[PDB]
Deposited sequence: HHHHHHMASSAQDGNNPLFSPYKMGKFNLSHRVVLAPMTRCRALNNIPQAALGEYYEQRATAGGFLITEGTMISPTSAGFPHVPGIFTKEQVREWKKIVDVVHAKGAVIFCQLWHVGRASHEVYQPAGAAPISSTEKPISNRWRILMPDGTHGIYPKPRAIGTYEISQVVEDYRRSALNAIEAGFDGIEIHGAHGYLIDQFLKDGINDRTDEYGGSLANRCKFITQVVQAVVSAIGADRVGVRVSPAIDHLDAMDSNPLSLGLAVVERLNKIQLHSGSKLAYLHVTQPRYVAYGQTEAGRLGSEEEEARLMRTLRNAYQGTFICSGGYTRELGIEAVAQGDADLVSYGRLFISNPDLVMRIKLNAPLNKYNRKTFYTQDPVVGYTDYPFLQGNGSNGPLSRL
């Protein structure tokens, strides 16, 4: 089983290639990492396995879900350290995903009820709804388009949050540049209607993700930085006229960051739409992997069978699993043994109970 051949991710000697994908679960009450997160990540930690945390706030204005953890306060750093310590005691590697939602927010999640920020003033359309703190769904509002100075301020929020993650003991961070959130709002030409140096050409639309990655690389070292993108996923009205071209343009920038800095990133992590994985039971994921000089993590609809094939065929070095890892704490062992998998319950994906639907999925 090629998922269980060892893989060297930079300095980390991973014992297998099954990765916990980052997933928002909304158990970090009032944005403080809770003891429940410690139990949840400990359940899923394995010796030599790689874990990526749920998306984590980089600033008071970066959230678009309730009770998502932050890492922009020293208090949050203190609580994360206890979670990281428990995961490390099980021999796992863990990166903190740094997440700014951009226009995918709501007055209820913003300080003083202010407008969410974005590359544009266009809102997400009404065919997407936002989860509210009381469990209902609301309307995405009009965002405020930020200028170049404020862009540099958001870049500094990523930098400070990366330093805080290292202070908490994380082995690295992952830049969330996918799924229609703030970075993707600069990448995707269906969203980026700017006419300044951050809009228009592929080079200009890639400016923001390049500045973010460069800032964190210069703060904590390239080896501790992973980057996640999703050029073909249209979540939250985030469409590009040429996803392959946009994806290659991003890979181009990452390769050059690595050349200039003198060190490779931890990895590039790409999610594909779930319908692509269903058809495999496309060439986009392989094309990005072939173009990127370093470690490649594939994600999006993967199964045990599709994961094995991805690694065997050379389509990826690592395979991250989301929904199956929610309901299977010991997903790694179930995949090793080809054991049955627990069904996952979508109703408790984003609820606040520290146990129900979170840590009470049973082991084999």
Sequence ranges without modelled C-alpha atoms (deposited numbering)
1-15, 297-307, 391-402
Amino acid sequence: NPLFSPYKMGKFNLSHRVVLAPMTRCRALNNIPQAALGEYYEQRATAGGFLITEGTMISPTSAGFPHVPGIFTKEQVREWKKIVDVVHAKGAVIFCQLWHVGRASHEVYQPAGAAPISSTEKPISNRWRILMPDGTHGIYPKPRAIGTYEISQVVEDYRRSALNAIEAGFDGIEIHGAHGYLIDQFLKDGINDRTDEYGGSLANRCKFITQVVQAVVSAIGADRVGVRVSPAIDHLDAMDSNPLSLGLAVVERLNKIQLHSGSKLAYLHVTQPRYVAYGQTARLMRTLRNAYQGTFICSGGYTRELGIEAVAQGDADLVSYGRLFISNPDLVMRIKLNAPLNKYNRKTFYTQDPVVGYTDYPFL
From here on, numbers count along this sequence of modelled residues.
Could you check the entry and say whether 290-298 or 271-279 has the higher mean CA B-factor?
271-279
Top Cα B factor in the deposited entry, candidates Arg194, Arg159, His179, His100
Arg194
For the listed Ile209, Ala104, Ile173, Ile83, which has the peak Cα B-factor recorded in the PDB entry?
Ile83
Within this chain's modelled residues, let me know which third the CA B factor of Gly322 belongs to: lowest, middle or highest.
lowest
Modelled-residue ranking by C-alpha temperature factor, third containing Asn13
highest
If you rank the chain by CA B-factor, which third does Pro66 end up in: lowest, middle or highest?
lowest
Comparing against every modelled residue in the chain, figure out the third that the C-alpha B-factor of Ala45 lands in (lowest, middle or highest).
lowest
Please place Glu54 in the lowest, middle or highest third of its chain according to the CA B-factor in the PDB entry.
lowest
